[PDB]
Every structure is written in C-alpha cells, then in structure tokens.
RNA sequence: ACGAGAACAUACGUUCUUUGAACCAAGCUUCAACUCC
C-alpha cells in the first residue's frame, strides 16, 4: 500500500532541484512553436 | 737459363661536434528521473 519515491538530494543529504530540471521546464515552455527544434538549436 | 730476381699500397686517424618532437586547442555540444494506469 506504500511505495515511496523520495526527492533528489546531493551528497550531503540535503535536497535541491538540479538545473537540468528547470532547463527542461523552460524548454517545454519556449518550444510552443512547432516541434521541429532538435539537438542543434542555437 | 723469361728486362729479369727479391718487395703486403702499407703505417697513423672516434661519421664525430652543437640541437626539448616542440608550439597552439574546454571531452565538450544538445538533453526535465520521466510517462501511463
């Protein structure tokens, strides 16, 4: 009935949000033009 | 009964002296620990 998923923590065991997460969020927000933006978008 | 007989082209002597396989150059670029029920 219980299966816990915990938050990401650094080596000191004190949590933080990595910057790749926020860049993924802003990339999802910016890319509301057409889905043509590949892995060499400047 | 030879323009012949006898006679080492031999002795000595460092392929050696000086000389950076160097100079320049981000293991980096783009990525949501995630979706479904």
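Heads up, the Cβs are rebuilt from the backbone with ideal geometry, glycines too, and the neighbour counts pull from every protein chain shown. A short reminder: the numbers here are calculations on the coordinates, not readings from a lab.
For labels at residue A:17 and residue A:32 in the simple 7 Å Cα→Cβ model, what's the distance in nm?
1.8
Taking chain A as the reference, fit the longest principal axis to its C-alpha atoms, fit the long axis of helix A:19-30 to the helix C-alpha atoms, and give the angle between the two in degrees, 0 to 90, nearest 10.
40
Per residue of chain A, what 222 nm ellipticity follows from adding -39500 (n - 2.57) for every DSSP H run with n ≥ 4, rounded to the nearest 500?
Mean residue ellipticity, 222 nm, calculated: -9000 deg cm²/dmol.
With the convex hull built on the Cα atoms of chain A, state its orientation-averaged projected area in nm².
Mean shadow area of the hull around the Cα atoms is 5.6 nm².
Please arrange A:14, A:27 by how many other C-beta atoms lie within 10 Å of their C-beta, fewest to most.
Lowest count first: A:14, A:27.
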